[PDB]
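Visitor: Sequence, then structure. It's an experimental one.
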Amino acid sequence: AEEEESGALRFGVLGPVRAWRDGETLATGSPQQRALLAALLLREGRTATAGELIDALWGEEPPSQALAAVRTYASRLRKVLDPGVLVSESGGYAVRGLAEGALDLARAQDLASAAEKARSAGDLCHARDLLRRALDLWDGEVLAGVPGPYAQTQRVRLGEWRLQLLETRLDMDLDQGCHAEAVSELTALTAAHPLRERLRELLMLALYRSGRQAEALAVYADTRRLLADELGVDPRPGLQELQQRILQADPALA
DNA sequence: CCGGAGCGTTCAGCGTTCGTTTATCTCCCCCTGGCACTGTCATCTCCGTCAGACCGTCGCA
């Protein structure tokens, strides 16, 4: 609310496709139109040619004469957004005029870099506040209802980035002395995603000092059974090592 | 001692809305066409290979 300046046009990709024009919404339109606007939004303002956008929306088999289709999608964007916010060069399309804080993705990289800098500087309160602001950026599933295998690619990429971001958040929560909300979040995420080894290692680390041992190794045994049933291999050596040092109960990491 | 309301699932009515095309309206581009005092033949290479052919040429005998 403190960064809501006059004339600000805010764009959002981490949650669904929406536009905020000084507090009032804009109709982003068709799902393919939403995917087109998102594809322009991921490229931080390239002039990207018509064939590349056609491939981004659809992939291997776009209809043959659908170049005029993308043309009229561009017309839709130009009449629903500002005339000058979208400009065309040599047949390519480009959204400019994006200030700081206009895109939630740019704010996400900014907050991640600030958290990394604070971790390098050894600060904890400012980094915790930065990642608290960062976890409020995503709203539900990223890229809600957009077609295209391209959109699937940045969907899985942003999901993986969110996974490492929450891994770092939970890790600093564990090292600074937070366990209750930590184990709550880890249990919720392992309920959501059952086949991540790193989050279950985080479960072991969090429960190891919060006063919980039986269900931690029960969850580990369930992980071993599912990983043997679905993969039939052995887990990472760092895991077995973490369970090992746990077993002799070293109070060094208290 | 089967009834009932509530609950799960499964499909047809209509109502808007995306998916995909089309011609119309600015803007730029590109090829052809037009210049009506007179002004009517430029240009500077190329040398201190180099060696001995190999050749046809070509005027003299």
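Guide: Nice, thanks for sending it over. Numbers count the residues shown, from 1 in each chain, chains lettered A, B, ... in the order given.
Visitor: all contacts plus neighbour counts: C-alpha atoms, from now on.
Guide: OK.
Visitor: what's the closest non-adjacent residue to residue A:12?
Guide: Nearest residue to residue A:12, sequence neighbours excluded (CA to CA, 6 or more residues apart in numbering): residue A:104, at 5.4 Å.
Visitor: Tell me how many other residues crowd that neighbour.
Guide: For residue A:104, the count of nearby residues is 19 (other CA atoms under 10 Å).
Visitor: Return the residues in contact with it.
Guide: With contact set as CA atoms under 8 Å, 6 or more residues apart in numbering, residue A:104 has these partners: A:11-14, A:137.
Visitor: Next, format those as a markdown table and append distance to residue A:201.
Guide: Shown next, in a markdown table, are those (distance: CA to CA, whole Å):
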| residue | distance to residue A:201 |
| --- | --- |
| A:11 | 36 |
| A:12 | 33 |
| A:13 | 31 |
| A:14 | 27 |
| A:137 | 26 |
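Visitor: Among the residues you listed, which are located in strands?
Guide: With strands identified by DSSP state E, the entries of the contacts of residue A:104 that belong to them are A:11-12.
Visitor: which one of the contacts of residue A:104 is nearest DNA strand B?
Guide: When the contacts of residue A:104 are compared for distance to DNA strand B (CA to the nearest atom of the strand), residue A:13 wins out at 17.5 Å.
Visitor: So the closest one versus residue A:42, what's the distance?
Guide: 8 Å (CA to CA, to the nearest Å).
Visitor: Check residue A:250 too.
Guide: Taken as CA to CA, the span from residue A:250 to residue A:42 is 47 Å.
Visitor: what do you get for residue A:51?
Guide: Residue A:51 is 17 Å from residue A:42, by CA to CA.
Visitor: Return the distance of the helix or strand containing residue A:115 from the chain's centre.
Guide: Element membership of residue A:115, judged by DSSP states H and E, is helix A:104-121. The chain centre lies 14 Å from the centre of helix A:104-121; the measure is CA atoms, centre = their mean, to the nearest Å.
Visitor: Next SSE downstream of it?
Guide: Sequence order places helix A:125-135 as the next helix or strand after helix A:104-121, per DSSP H and E.
Visitor: And the strands in the stretch 101-250 of chain A?
Guide: For the stretch 101-250 of chain A, no strands are identified by DSSP state E, counting those that start in this stretch.
Visitor: What parts of it come near DNA strand B?
Guide: Selection of the stretch 101-250 of chain A residues close to DNA strand B by CA under 7 Å from any atom of the strand yields an empty set.
Visitor: all helices of the stretch 101-250 of chain A, in order?
Guide: A:104-121, A:125-135, A:149-176, A:180-192, A:197-210, A:214-230, A:237-248 (DSSP state H, counting those that start in this stretch).
Visitor: Can you redo those as JSON lines, where the extra columns are distance to residue A:141?
Guide: Below are those laid out as JSON lines (distance: least, CA to CA, whole Å):
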{"stretch": "helix A:104-121", "distance to residue A:141": "14"}
{"stretch": "helix A:125-135", "distance to residue A:141": "13"}
{"stretch": "helix A:149-176", "distance to residue A:141": "9"}
{"stretch": "helix A:180-192", "distance to residue A:141": "13"}
{"stretch": "helix A:197-210", "distance to residue A:141": "19"}
{"stretch": "helix A:214-230", "distance to residue A:141": "26"}
{"stretch": "helix A:237-248", "distance to residue A:141": "30"}
